[PDB]
Amino acid sequence: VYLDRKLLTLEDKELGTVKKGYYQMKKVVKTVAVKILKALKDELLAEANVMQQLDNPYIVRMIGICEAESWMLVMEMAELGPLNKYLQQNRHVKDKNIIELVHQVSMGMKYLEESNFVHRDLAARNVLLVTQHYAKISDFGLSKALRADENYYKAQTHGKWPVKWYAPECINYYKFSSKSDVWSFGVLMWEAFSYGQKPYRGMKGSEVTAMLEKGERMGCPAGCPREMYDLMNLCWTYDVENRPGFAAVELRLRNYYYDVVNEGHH
Ligand SMILES: C[C@H](N)CNc1cnc(C(N)=O)c(-c2cc3ccccc3[nH]2)n1
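Going by my numbering, the sequence shown opens with residue 177, and the numbers climb by one from there.
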């Protein structure tokens, strides 16, 4: 897990801090994305501690950590960057391609759920593209390994939270589970089918909580298939017990994606 600073070459430019670099492996040279930490040390180490336990094709892999000028978390590079920014710049991306990418995110989330980790920041800015047809989930800084005896994480205080992606129980009871990640996944789907537009446009967090308590939900994005909007609405089931888990979500997306692939061949 501990990398050698001499084997890392960083580029001056800023991706997001997040910088591009190259790391000398056993033989090949690997292009990497590096989170630079310019309490804060413990936070980066806890993110690294989560990433080291994960191994899935739809999750960003951690190469390791390095303590040099600053603490650094070295990851595989997802060359095309965040999904929301990619879709904002590529409005030609087809609905079939969007379904493909959100289905890949659901496969990564089905694995995270099976692994009993809660992501707690699942949003389109935290889905990175390796290619136009390959998405990976990133940004595990708020993530938690669930206790062996519970299916949720209880936050102690309401911090600097991405409220627009949070389920009502996160806001009302501070409870985070794989089902609250499903609610966030519904918002991510809405962002993806909206080509990276921000959700709940022009609304404050308190207005969003009020809207959702009234049983109101964001409308269908232009050109979004009805089956995908119905799945977003299912993710936005108010009551946690009746909301689907990722196995049910991934299955729905998988079958729909096969239907669209079939329609494409016809
Ligand atoms: C906004 C993001 N949620 C910030 N965090 C991360 C994490 N990991 C990466 C990576 N592992 O490629 C990137 C990343 C950002 C980026 C931007 C342009 C091109 C490639 C890029 N890679 N950004």
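All residues carry an ideal CB built from backbone N, CA and C; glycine is no exception.
Counting beta carbon pairs with one atom in the segment 299 to 314 and one in the segment 326 to 335, are three or more of them shorter than 8 Å?
no
Rounded distance between the beta-carbons of residue 238 and residue 227, thought under 8 Å:
Taking 8 Å as the upper bound for CB-CB distance, residue 227 and residue 238 are in contact here, some 4 Å apart.
Ends of the alpha helix (DSSP H) at residue 280?
271 to 290
Report, in whole angstroms, the separation of the C-beta atoms of residue 210 and residue 250, which I expect to be a contact under 8 Å.
For a cut-off of 8 Å, the C-beta gap from residue 210 to residue 250 is around 5 Å, short enough to register as a contact.
Does the distance between the C-beta of residue 233 and the nearest non-hydrogen atom of ligand 1 fall short of 7 Å?
no
Whole runs of the alpha helix (DSSP H) within the segment 194 to 282, excluding any shorter than 4 residues
Listed in chain order, the complete alpha helix (DSSP H) runs (minimum 4 residues) inside the segment 194 to 282 are 216 to 228, 259 to 265.
Residue 283: buried (16+ other C-beta within 10 angstroms of its C-beta) or exposed?
Buried, by the Cβ-count rule.
Within 7 Å: the Cβ of residue 367 and any heavy atom of ligand 1?
no
Measuring CB to CB, does residue 285 end up less than 8 Å from residue 357?
yes
Given 8 Å as the limit, is there contact between the segment 288 to 299 and the segment 263 to 271, that is, 3 or more CB pairs closer than that?
no
Same chain, Cβ closer than 6 Å to residue 277, neighbours up to 5 away in sequence not counted
Excluding residues within five positions, the ones whose Cβ falls inside 6 Å are 311.
Using alpha carbons as the reference points, say which of 212, 208, 216, 242 lies closest to residue 177.
242
If I follow the unbroken beta strand (DSSP E) through residue 316, where does it start and stop?
Per DSSP, residue 316 belongs to no beta strand (DSSP E) and is neither H nor E.
Going straight from the alpha carbon of residue 421 to that of residue 300, what length do you get?
For residue 421 and residue 300, the distance between alpha carbons rounds to 19 Å.
Rounding to the nearest angstrom, what Cα-Cα distance links residue 373 and residue 206 in this structure?
33 Å
According to DSSP, which residues form a beta bridge with residue 305?
In the DSSP output, where bridge partners are listed per residue, residue 305 has 257, 311.
Using 8 Å as the threshold, is the C-beta distance between residue 430 and residue 359 below it?
no
Rounding to the nearest angstrom, what Cα-Cα distance links residue 180 and residue 434 in this structure?
45 Å
Does the pairing of the segment 317 to 324 with the segment 371 to 387 give three or more beta-carbon distances under 8 Å?
no
How far does the alpha helix (DSSP H) with residue 434 in it reach, from first residue to last?
422 to 441
What is the rounded straight-line gap between the Cα of residue 273 and the Cα of residue 363?
Annotation: residue 273 to residue 363 spans about 18 Å, alpha carbon to alpha carbon.
When every heavy atom of ligand 1 is checked, does at least one fall within less than 7 Å of the C-beta of residue 344?
no
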